[PDB]
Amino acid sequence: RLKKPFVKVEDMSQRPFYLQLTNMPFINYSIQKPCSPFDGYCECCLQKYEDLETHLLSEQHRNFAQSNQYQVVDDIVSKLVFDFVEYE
């Protein structure tokens, strides 16, 4: 029932996923080196965004960005040694 060629993958204990291409991969030796022989979401606000900049500017993000949630980061940082020269 699936048009060929296809690949089908299912978990042996149960949702299948598929590959269907016009041509399956074919190893091309004639193509010159080094060509192949075969030639977002915010973790903080737990939500997918439309535009990165605008999402960072949103009050949802700004609020996380300014919280105490980065304590876990600062905790490791405090253990590191600052060895650069700092200017005013």
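Just count from 1 along the sequence shown to find any residue number.
The stretch of deposited sequence separating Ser78 from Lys79 contains no residues lacking coordinates in this entry. Deposited sequence between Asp39 and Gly40: 10 or more residues lack coordinates. Across the two stretches, 50 to 58 and 27 to 35, the PDB entry reports the greater mean Cα temperature factor for 50 to 58. The mean Cα B-factor in the deposited entry runs higher for 68 to 76 than for the other of 18 to 26 and 68 to 76.
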